[PDB]
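Q: What follows is a structure written as structure tokens; I'll ask about it next.
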There are 2 protein chains.
Amino acid sequence: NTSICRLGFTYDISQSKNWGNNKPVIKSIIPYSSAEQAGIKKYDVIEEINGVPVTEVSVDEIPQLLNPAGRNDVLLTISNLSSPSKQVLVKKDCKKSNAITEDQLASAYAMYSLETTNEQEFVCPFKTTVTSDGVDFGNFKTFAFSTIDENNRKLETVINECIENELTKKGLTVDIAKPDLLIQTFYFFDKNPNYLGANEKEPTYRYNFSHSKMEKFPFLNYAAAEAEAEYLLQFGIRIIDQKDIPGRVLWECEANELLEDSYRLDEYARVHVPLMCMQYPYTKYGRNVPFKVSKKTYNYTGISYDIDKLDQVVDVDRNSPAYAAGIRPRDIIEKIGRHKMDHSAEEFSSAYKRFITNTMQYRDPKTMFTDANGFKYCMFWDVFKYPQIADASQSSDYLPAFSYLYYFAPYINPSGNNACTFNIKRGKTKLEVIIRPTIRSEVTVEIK
Amino acid sequence: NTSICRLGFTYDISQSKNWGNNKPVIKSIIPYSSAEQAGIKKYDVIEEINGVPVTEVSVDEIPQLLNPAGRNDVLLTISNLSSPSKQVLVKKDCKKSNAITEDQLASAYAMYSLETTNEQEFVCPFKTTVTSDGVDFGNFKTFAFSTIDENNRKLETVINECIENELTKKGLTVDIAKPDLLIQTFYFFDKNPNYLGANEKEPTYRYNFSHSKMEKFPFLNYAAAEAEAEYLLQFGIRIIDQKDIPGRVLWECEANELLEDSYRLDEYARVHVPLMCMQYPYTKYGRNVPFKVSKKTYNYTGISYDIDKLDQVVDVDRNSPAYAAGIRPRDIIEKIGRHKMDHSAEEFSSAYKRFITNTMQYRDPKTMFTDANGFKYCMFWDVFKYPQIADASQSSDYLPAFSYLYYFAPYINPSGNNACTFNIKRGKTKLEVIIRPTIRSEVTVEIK
Ligand SMILES: [Mg+2]
Ligand SMILES: [Mg+2]
């Protein structure tokens, strides 16, 4: 009955002295949102809301000002590394309070396709250090790389090409003549002397000059885990100021990795330069960076369902396959493919739980992982058991009406036809429409 | 027959770009040596040897030039943080090839007194980072502390007083008006969010943008040991240039400690400021600093013994208690106290091994430690068993003639008399002299 609204981005009230201090800083953009389409990008700084500067208003009233009651389109004054000022009109993303979207259902029925829809977390051993001077990083618009060590030309060119792509994507530009910043990289790869050719918790002893004796200290002595590494890897990025206080290191990120086998620094840089630079210009973690990867792929039609009476269309997105097919709100879905829809939420929930139970045998334990929400037994399907999974997935006992969301996968829909049949009834008139869905694919890589 | 010689210090050919590059840098001074008395100090840079600059000569011929054949006194041109040039005449420390000194014997019979004579190693979680500019740290002679945060005045005053003592000992001087350097400290103490109220090796998963998927990486995932810590401690020293390139951080040392209980940052600074500053100006370890503590206390008389015929005096140090008592080389020691000396080296070695075996029962297992040379079962004597240790230590079966080296300890000599009786025989004339020894005490704290 009441309509809920959202802005297509997540943000922080920045505590960083060098990037949009005590202002909203965008952390992530919601895919397929209006904020995305309007051109809002990660690490953007909200300077003003609807003409009022964010400094001239309390921190507690920023969420209300960003989601006004009467207004629908929020005018934003943005700053980033591309420009110091920019006007952006962000349209709101609204839905009915009782609407269940295909995005929500793709997440609820994710175990049909863990291969495409999951969340995972990881932590990187990055030490990120910035200048103690409260200089805004937005003052530096251009960069150049420091002189290449000819002994390592091949490697240094790969590293600098990775950093160049990351920084040009941020809105920074190369100027070899008079750069605002100089980029410097340092790296190391060699054997660990503390490796004993072997793979408990020890006490911490230190010398105390004040008492002229060795003493036990209540610190964790991790020195035994260090011995487990044969090799040591170091990789760092140094961003040196050339204009405000020349020679001052503005930002430095150093990765220190404990290695089991031999590893290539070029391969290491290719993977980690993009993860390391996610904290330039917005640094919030100094020692161990937490990341969250959320991936999702589903068949999109544009239909929203009633949270209570699920066989009822509550809305149809404006430029969607279901709209183009002629589906309209208040329609009643008789069936999707060969599966009836006149079931309760608990009928669907129980039937789904039965499917996961009865197909645990077709999962691959070599792929077992713990997802971001703490679930320990995530497994992909076994590649030699897809025909058996597809058959089990389509058993009427498991109420597979919503399995259409994953009809692009051969472990759900073996037939070479992603087009879904929707049998609707508006009043007493019964129609059958074939909806070829569009595939909504999305990956969000966010610093927690 | 041939006399061996040494210089009273250990050194490196420095690989540091900011401190005596490709020149000898003194690491440690040998206590009671001529180099010590001449005023050679740790981290001194040998600029010239006997008038010849160390740059104008090969690295391979520096040890020979430092220990000449014909010459006995080596004239050194030194540089440090106190002065850019200084003339130092270092006398050599010589001994006969067949001489066994009381210093050597104190180390060989150390298990009489582990409490006073042992070696231990420890590693500190210090990250030490220096400027990539090859500026000599000797260009900066004065310092001042940066403005105190009034919210933490009590703590910041303790920290700065510790750093002030360390740097003034190095030869640096305070100048609040126009300092060459500004010292800045940063610190943090709070609970670990990753602590689960609990006290295996996990795989490393990271996101690879090049392949748009999570991947296993051959890196050690230590994230489980991080969870064991309730609290996190950070403590850092920042040395900022004010004259050459103002604002440039020359040297920075950051300690990151994983804590079991609550801990005071003032107490932490008091202990670690002296360990952290041992790498200013000579930094050779960037990430995990290895230290070695060598302590020794023995009764010194000045007598040197023959490695083969041990009851024969091969030398008597010039200003020693044995010299003052009238002991002279070629004398024959009949007995020390009530213990005869006419035994072989294996007679003494076996008798000593029997004593350690038979007194293992009087050791305190609560004190068990692994020494620097890798011995796992080092234990001090049990404080309630000293009378029994003293009796066992003086049993003629264990040939305790050399136990006089530890006669100042009540677990060896219960009587309140540190004066030792030496019964000698020169030719056929037999004399008894009472030697009150001097107590040689020494602690060496060195970066490995
Ligand atoms: Mg190997
Ligand atoms: Mg506790």
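We name chains A, B, ... following the order of the structure tokens; residues begin at 1 in each chain, and ligands are numbered from 1 as shown.
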Tell me as a PDB file with C-alpha atoms, in the first residue's frame which residues belonging to chain B come within 6 Å of chain A, counting only C-alpha atoms.
A:
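Once written, selection-v4.pdb looks like this:
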ATOM      1  CA  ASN B 208      41.117 -11.860  -9.562  1.00  0.00           C
ATOM      2  CA  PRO B 218      49.538 -20.179  -2.655  1.00  0.00           C
ATOM      3  CA  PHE B 219      49.806 -17.690   0.258  1.00  0.00           C
ATOM      4  CA  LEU B 220      49.678 -18.395   3.984  1.00  0.00           C
ATOM      5  CA  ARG B 248      59.984  14.306   4.124  1.00  0.00           C
ATOM      6  CA  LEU B 258      48.667  -8.700  19.064  1.00  0.00           C
ATOM      7  CA  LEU B 259      47.519  -8.627  22.687  1.00  0.00           C
ATOM      8  CA  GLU B 260      46.014 -11.208  25.071  1.00  0.00           C
ATOM      9  CA  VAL B 271      60.466  -1.011  26.970  1.00  0.00           C
TER      10      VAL B 271
END
Q: Could you list, as a ChimeraX atom specification, every residue within 9 Å of residue A:16, counting only C-alpha atoms and ignoring same-chain residues fewer than 4 positions away?
A: /A:20-22,134,282-284
Q: From a DSSP pass on the backbone, collect the residues of stretch 83-287 of chain A flagged as strand (DSSP E or B) and hand them back as number ranges by chain.
A: A: 86-91, 93-96, 99-100, 118-124, 126-130, 142-145, 173-174, 181-191, 202-208, 213-221, 231-241, 249-259
Q: Looking at B:374, B:84, B:197, B:39, which one is nearest to ligand 2, with distances taken over only C-alpha atoms and all ligand atoms?
A: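 Of B:374, B:84, B:197, B:39, the one nearest ligand 2 is B:197, counting only C-alpha atoms and all ligand atoms.
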Q: When you look at residue B:25 with a cut-off of 8 Å (counting only C-alpha atoms), what residues show up, excluding the ones that are within fewer than 6 positions of it in the same chain? I need them as an MDAnalysis selection string.
A: chainID B and resid 11:14 43:46
Q: With only C-alpha atoms as the atoms that count, which of A:163, A:99, A:356, A:379 lies nearest to residue A:398?
A: A:356
Q: Counting only C-alpha atoms and all ligand atoms, figure out which residue out of B:273, B:368, B:198, B:237 gets nearest to ligand 2.
A: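 Looking at the shortest contact to ligand 2, the residue is B:198.
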Q: Show which residues sit within 12 Å of residue A:178, as JSON, numbers by chain. Count only C-alpha atoms, and ignore same-chain residues fewer than 4 positions away.
A: {"A": [140, 141, 142, 143, 144, 145, 173, 174, 182, 241, 242, 243]}
Q: Got a sec: who's within 10 Å of residue A:32, counting only C-alpha atoms, leaving out chain neighbours fewer than 4 positions off, as a PyMOL selection string?
A: chain A and resi 8+36-37+93+440-442
Q: Compile the contact shell of residue B:119 as a list in words: residues with an atom at most 6 Å away, counting only C-alpha atoms, same-chain residues fewer than 6 positions apart removed.
A: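 Close residues of residue B:119: residues 293, 294, 371 and 372 of chain B.
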Q: Set the distance at 10 Å and use only C-alpha atoms: which residues neighbour residue A:396 once local chain neighbours fewer than 6 positions away are removed? I'd like the list as number ranges by chain.
A: A: 338-340, 351
Q: Write out the residues from the selection above, keeping N, CA, C and O atoms, as a compact mmCIF listing (two decimals), in the first residue's frame.
A:
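Contents of out.txt, freshly written:
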# COMPACT_ATOMS: atom_id res chain seq x y z
N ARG A 338 5.82 -25.37 -16.69
CA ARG A 338 4.88 -26.43 -16.34
C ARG A 338 4.63 -26.46 -14.83
O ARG A 338 4.04 -27.41 -14.32
N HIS A 339 5.03 -25.39 -14.13
CA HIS A 339 4.90 -25.34 -12.67
C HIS A 339 3.89 -24.32 -12.19
O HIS A 339 4.05 -23.12 -12.42
N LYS A 340 2.87 -24.81 -11.45
CA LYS A 340 1.81 -24.00 -10.84
C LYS A 340 2.41 -23.07 -9.78
O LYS A 340 3.47 -23.35 -9.23
N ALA A 351 9.41 -26.95 0.26
CA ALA A 351 9.66 -27.67 -0.99
C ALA A 351 11.10 -27.45 -1.50
O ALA A 351 11.72 -28.40 -1.98
Q: I'd like the interatomic distance between atom CA of residue B:109 and atom CA of residue B:430, to a tenth of an Å.
A: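 Computed distance, atom CA of residue B:109 to atom CA of residue B:430, equals 28.3 Å.
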Q: Tell me which of A:38, A:196, A:78, A:5 sits closest to ligand 1, counting only C-alpha atoms and all ligand atoms.
A: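 Ranking A:38, A:196, A:78, A:5 by distance to ligand 1, first place goes to A:196.
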Q: What are the DSSP alpha helix (DSSP H) residues of stretch 313-352 of chain A, as a list in words?
A: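 Checking each residue of stretch 313-352 of chain A, the alpha helix (DSSP H) ones are residues 321, 322, 323, 324, 345, 346, 347, 348, 349, 350, 351 and 352 of chain A.
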Q: Given only C-alpha atoms and all ligand atoms as the basis, pick out the residue of A:64, A:116, A:192, A:33 nearest to ligand 1.
A: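 Of A:64, A:116, A:192, A:33, the one nearest ligand 1, counting only C-alpha atoms and all ligand atoms, is A:192.
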Q: Go through B:95, B:366, B:191, B:426 and flag the residue nearest ligand 2, using only C-alpha atoms and all ligand atoms for the distances.
A: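 The shortest atom-to-atom distance to ligand 2 comes from B:191.
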